[PDB]
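Novice: Quick one, what's the 3D model for this:
(6 chains)
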Amino acid sequence: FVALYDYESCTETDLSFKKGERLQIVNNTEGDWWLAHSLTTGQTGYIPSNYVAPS
Amino acid sequence: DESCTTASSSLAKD
Amino acid sequence: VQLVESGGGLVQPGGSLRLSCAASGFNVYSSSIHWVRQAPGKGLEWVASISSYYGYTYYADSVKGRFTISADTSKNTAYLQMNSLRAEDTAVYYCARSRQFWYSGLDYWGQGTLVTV
Amino acid sequence: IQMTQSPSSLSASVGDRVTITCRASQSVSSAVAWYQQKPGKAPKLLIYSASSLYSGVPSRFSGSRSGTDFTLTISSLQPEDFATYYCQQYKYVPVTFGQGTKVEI
Amino acid sequence: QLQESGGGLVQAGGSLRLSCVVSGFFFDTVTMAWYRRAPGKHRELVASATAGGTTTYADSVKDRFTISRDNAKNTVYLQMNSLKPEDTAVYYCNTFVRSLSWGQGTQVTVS
Amino acid sequence: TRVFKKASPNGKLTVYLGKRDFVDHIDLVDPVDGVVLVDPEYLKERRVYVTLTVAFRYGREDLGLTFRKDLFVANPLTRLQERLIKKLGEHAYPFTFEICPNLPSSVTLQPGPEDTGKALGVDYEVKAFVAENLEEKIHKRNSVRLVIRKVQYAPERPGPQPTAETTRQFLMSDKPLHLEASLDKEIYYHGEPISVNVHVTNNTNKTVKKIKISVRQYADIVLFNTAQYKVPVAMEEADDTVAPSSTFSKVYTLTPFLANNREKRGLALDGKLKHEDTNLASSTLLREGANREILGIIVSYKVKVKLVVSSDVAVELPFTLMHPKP
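Specialist: Residues are numbered from 1 along each chain as shown, chains lettered A, B, ... in the order given. Below is the structure:
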């Protein structure tokens, strides 16, 4: 749900988010990379699951 | 058994 | 820009000698100073070298226990003490240098210092 | 590492082509250099990597590699190129030079 | 280790049987292949043989060469028939993925 | 021309790479192209994968800390890739990774006498394996692990000459004490001496005892709440006294190197392929307004000048330490 650390994407398929961003994890949730879209900006992209904090 | 040693090989001019 | 050296001469069959190679233009920490000897009428042979950036010294099996290479960064000079020479050490000694970073081929060579044992 | 050099002596006129081979005992990668030493003077660098020309060397000198068979070729012998050539490998710490090749006229 | 045999001198019409035994490696399932290198040329592939018997040949040696594989004695054989001067080269053995050290192959010269 | 190859322990896999050092131009980063050679009878009911990862390590045993990215490719062709396809055969499957221009550069922290295992820092590793599917475990025997690096080189156009001056006015002294300093140039290569030109004019009634000049390295680790570590690399101390109402001027020379700093823990060195000897870490070139990405250690160098007034006067002169472009 909530993001840890910061990510910047060089690819259009990946969304870039800052710390504390409220990412909604949409049904695609398998693999090392999850597909999600931000609740405060509204673009859809793939994020590394390595830093996403629940609750 | 451990890893192998990193080697090299030829390559054609074109 | 150039290398100079002095110290060669006539040595007793089991005496000692020291050769100093003064370097001008090159910085000691940015290059590696080598010593190469050429016996009269034969090919080239590598005897010692220094890597003053890392502090390492390498020798050859023929002179491992006798020669001692060291450098003085204040005067940008490298020495080569020969503690106990034998009769087959008679040669011409060339002081060479090479790029310290990503190269090991001698490109600047000094003159020769004949050493007769 | 043994670095056997052949031939030990040539005889080529002015304006001809010569080729000097130097074969390493074991794999040495592309770490081979070539030197030129006119009698009485210090050696001068010619080709530092396997086939990379050193600054100041004319364009006729060239190098090549095929496995462990390094070759130095002169495409034209102007009368100022008659000297002795050595092949050196610098991959391992006991750096070894070639036996020595002489060019006559 | 990797050393080959079977090299020699033949006319245009003879036959040889190259072979090699590998020590320190086991090819009970690896696909072993024979490589050749014409003088002054890069190394090519000549034949291949999987553990199951599925063998593939290069187009220039089709219907002539035949690669045998003795898994029990840990040996691969290449048998050459109806040679031609174009088949003059030095032959090596290795895995299909060129994983082992190359070593020194055997020389075949055809008049 | 040659290529780099590594073979699998079981002899059914091989990875071919054009080069190991991939330069990082600020505009774009050199792509990681290659090809994988696989046994004909190995893909009977399986698929071959290629994985490139970048990790930041700060732990000894996973107490151990590591945070990493996994970039996953499951197998327009470049010139090298089509040459490799022509040479190896039909059973070679090409892969290409275009890593982002902004990403940590290969930097490994110097290990102390107590540390064991992999050295702390940032490194890249190319991995290729054959598996029935993702969930199947892959042993170290059935995969090829190879280490690549990302490097930068000195800029073509040098910057302005560094300079920094300050004034300190003491309590019982009317006139102030003036200090100035200036490096010879901005971009310095590895091993090239640094010549600081110190010029101090004292008009006060307090003398100056010693002048201390030191070259410092600022390893900025952004994961630890932007904690900054500074360790001296070269020190030059002189007893250059300047009397009151008098002027002084001298030129000092320094040269940072590794033969003296081997005993320092936490130094920053250039990336290593394995346990090896490598020089001091080169400065990182950052794009304008670059975001602080979490993976990575940013290193910068600064020269300090200090006068020990008989209360101390100091300045800092930033500069750049990078390898020349070949």
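
Novice: close to chain E, is stretch F:14-31?
Specialist: Yes. Counting by C-beta under 8 Å from any C-beta of the partner chain, chain E has neighbours in stretch F:14-31: residue F:14. Just so you know, the C-beta spots here come from the backbone N, C-alpha and C atoms, and that holds for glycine as well.

Novice: got the CA coordinates for that stretch in PDB?
Specialist: Extracted in PDB, the C-alpha atoms of stretch F:14-31 (Å, rounded to 0.1, in the frame of the first residue of the first chain):
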ATOM      1  CA  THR F  14      27.000 -20.500 -21.800                       C
ATOM      2  CA  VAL F  15      26.700 -16.700 -21.800                       C
ATOM      3  CA  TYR F  16      28.600 -14.500 -24.300                       C
ATOM      4  CA  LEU F  17      29.200 -10.800 -23.600                       C
ATOM      5  CA  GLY F  18      30.800  -8.100 -25.700                       C
ATOM      6  CA  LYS F  19      32.400  -6.300 -22.700                       C
ATOM      7  CA  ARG F  20      32.400  -6.100 -18.900                       C
ATOM      8  CA  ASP F  21      32.700  -2.300 -18.300                       C
ATOM      9  CA  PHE F  22      29.700  -0.300 -19.600                       C
ATOM     10  CA  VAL F  23      30.300   3.400 -19.700                       C
ATOM     11  CA  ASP F  24      27.700   5.800 -18.300                       C
ATOM     12  CA  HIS F  25      27.300   8.800 -20.500                       C
ATOM     13  CA  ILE F  26      25.000  11.300 -18.800                       C
ATOM     14  CA  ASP F  27      22.600  11.300 -21.700                       C
ATOM     15  CA  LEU F  28      22.400   7.500 -22.100                       C
ATOM     16  CA  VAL F  29      24.000   4.300 -20.800                       C
ATOM     17  CA  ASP F  30      25.700   1.700 -23.000                       C
ATOM     18  CA  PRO F  31      23.300  -1.300 -23.500                       C
END
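
Novice: so how far is that stretch off the chain centroid?
Specialist: Taking C-alpha atoms, centre = their mean, to the nearest Å, the mean C-alpha location of stretch F:14-31 is offset from the chain mean by 16 Å.

Novice: before we move on, what about stretch F:88-101?
Specialist: Taking C-alpha atoms, centre = their mean, the mean C-alpha location of stretch F:88-101 is offset from the chain mean by 27 Å.

Novice: likewise stretch C:91-102?
Specialist: Distance, stretch centre to chain centre, for stretch C:91-102: 8 Å (C-alpha atoms, centre = their mean).

Novice: same deal with stretch D:24-32?
Specialist: Relative to the mean C-alpha coordinate of its chain, stretch D:24-32 is positioned 14 Å out (C-alpha atoms, centre = their mean).

Novice: Contacts only, for residue D:61.
Specialist: Counting by C-beta atoms under 8 Å, 6 or more residues apart in numbering or on different chains, residue D:61 touches D:46, D:47, D:53, D:72, D:73, D:74.

Novice: Compile the residues you listed into JSON lines and extend it with columns for distance to residue F:1.
Specialist: As requested, these are exported to JSON lines (distance: C-beta to C-beta, whole Å):
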{"residue": "D:46", "distance to residue F:1": "21"}
{"residue": "D:47", "distance to residue F:1": "16"}
{"residue": "D:53", "distance to residue F:1": "17"}
{"residue": "D:72", "distance to residue F:1": "19"}
{"residue": "D:73", "distance to residue F:1": "18"}
{"residue": "D:74", "distance to residue F:1": "23"}
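
Novice: Let's see the ChimeraX selection covering just the buried ones among the residues you listed.
Specialist: Here is the ChimeraX command that selects the buried residues among the contacts of residue D:61 (16 or more other C-beta atoms under 10 Å in any protein chain shown):
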select /D:46,47,53,72,74
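
Novice: now, which of the contacts of residue D:61 sits nearest residue D:37?
Specialist: Residue D:37 has its nearest neighbour among the contacts of residue D:61 in residue D:46, at 10.5 Å by C-beta to C-beta.

Novice: Name the residue closest to the centre of the chain, please.
Specialist: Picked chain A for this. Centroid check for chain A by C-alpha atoms, centre = their mean gives residue A:47 as the closest residue, at 4.1 Å.

Novice: try chain E instead
Specialist: Chain E has residue E:34 as the residue nearest its centroid, 3.2 Å off, counting by C-alpha atoms, centre = their mean.

Novice: give the contact list for that one.
Specialist: Contacts for residue E:34 (C-beta under 8 Å, 6+ apart) come out as E:18, E:45, E:46, E:47, E:48, E:67, E:76, E:78, E:91, E:92, E:93.

Novice: does the residue nearest the centre of chain C have beta-bridge partners, and which?
Specialist: The centre of chain C sits closest to residue C:35, judged by C-alpha atoms, centre = their mean, with a distance of 2.8 Å. Counting by DSSP bridges, residue C:35 forms beta bridges with residue C:48, residue C:95.
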